[PDB]
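Structure 1 and structure 2 below are two forms of the same protein chain, each written out on its own as C-alpha cells.
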Structure 1
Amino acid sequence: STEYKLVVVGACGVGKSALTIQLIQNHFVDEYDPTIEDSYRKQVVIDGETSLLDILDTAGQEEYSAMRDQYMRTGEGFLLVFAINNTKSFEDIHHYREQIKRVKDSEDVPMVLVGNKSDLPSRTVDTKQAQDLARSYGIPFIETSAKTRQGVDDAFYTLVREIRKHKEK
C-alpha cells in the first residue's frame, strides 16, 4: 500500500549493497559490483501496516549529477552508512548529509546513521562518537551487520518510522 522511497548513501565498501541485498533477499554477498546504482522493491509489514519499500542503492563514481539530485529529491529517507572499521567513511558522513540537505533545501530530512560491519573486531570508530554525531544531527544511530543480519531490519524500519513522523510534522 504505502510506498516509501529510501536512498542508501555512504562511502565505497561500507556495505550499502550488502545491507540492501540482505534486507531484500536474506543473504550476505561477499562481493557485489561496486558500479551498480539501481533501486530495489520489497513489500513488508511495519508496525502493522503494509509498506512498499523502494530502496535506491547508490554507487557509481564520485561525480555530481543533476540526475542524482533528482534521486535525492525523490527520496523520502536516507541511510547514512559508514563502516566501523573505516574512519574515512565515518568522516564522509558529513559530506553525504550536506549533499542531501543541498538538494531538499531543508535541515529537517528523515535520516538514520548506520554503523555497518559490526561483526568485525577491527573497530576504529567508537560507538560513543557515532552516538555523539547522531545526537548532533538529531537522528537515530543503529549498529548493523550485513553478514549476521544484526540490526538490518531495525535500520530500515527506523527510517520508515522517521518518515512517518516527518509526514505528521
Structure 2
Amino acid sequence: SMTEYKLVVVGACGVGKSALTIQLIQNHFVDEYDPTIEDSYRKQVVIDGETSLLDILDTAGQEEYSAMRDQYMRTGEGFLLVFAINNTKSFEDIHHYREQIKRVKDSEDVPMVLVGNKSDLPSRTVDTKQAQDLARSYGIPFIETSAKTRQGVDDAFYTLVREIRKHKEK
C-alpha cells in the first residue's frame, strides 16, 4: 500500500521555496528568479521503505492575502519553514509563520521543519547556531539546504514526512 501527504512550503519572498521544490521534482536548478503566484506538484517517493505520494504546494512569499494563506494552512499536513542564510529578515520572519500555522490549525503540535537555504553562498548573515537553537525551542528539525547544489533537499522533504508520520501516532 501507499500513503499521500500534503506538504506546504512557506517563507519570505526570495528565500528559495520554488528552487527547493523544483530540485525535488525536476532535479535541476536555475539562477533566474520566477516569482511565484501559486504552484502545485505531485511526486511518488519511497521514504523509510514506505511508498508515498507527495502533494507539494509551493506558496508565494507574500503578506497581503490572509484568507488564501489560512486555507493553505488548514489543508496542509506539514510545512517547510524556509529562510535564507544570507537574509536576516527572512529568519526573523520564521516565528510569524509558525504562529499563524498554530493559530489556523488551533494546535500546539503541527508537523514543521525549519529550512536554512542558500547554504552554498559566501554571504552568510544568519549563523546556524541561531537556527539550531530556534528549531530546538520549537521541538522541530532544522535542515541546512542548497537548492543550487541539492545539499539537504531530499532531507528537508523526507524529514517533513517523518514528522507528519510521528504526529499521526499521537
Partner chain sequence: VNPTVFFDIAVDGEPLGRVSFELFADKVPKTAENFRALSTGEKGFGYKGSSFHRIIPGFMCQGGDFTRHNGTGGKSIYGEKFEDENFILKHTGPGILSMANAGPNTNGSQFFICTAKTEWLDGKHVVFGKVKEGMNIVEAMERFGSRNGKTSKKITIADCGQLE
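Superpose the two forms; the largest set of C-alphas matching within 1.5 Å is the rigid core. Just so we're on the same page, residue numbers count up from 1 along structure 1's sequence.
Structure 2, not structure 1, is the form deposited with its partner chain bound.
Of the residues listed here (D126, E31, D108, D132), only one shifts its CA by 2 angstroms or more between structures 1 and 2 after fitting on the rigid core, and it is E31. Core-superposed comparison between structures 1 and 2: CA of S65 displaced by 2 Å or more. At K16, the distance the Cα travels between structures 1 and 2 is 0.3 Å after the core is superposed. Comparison between structures 1 and 2 places the CA of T74 1.0 angstrom away from its other position, after core fitting.
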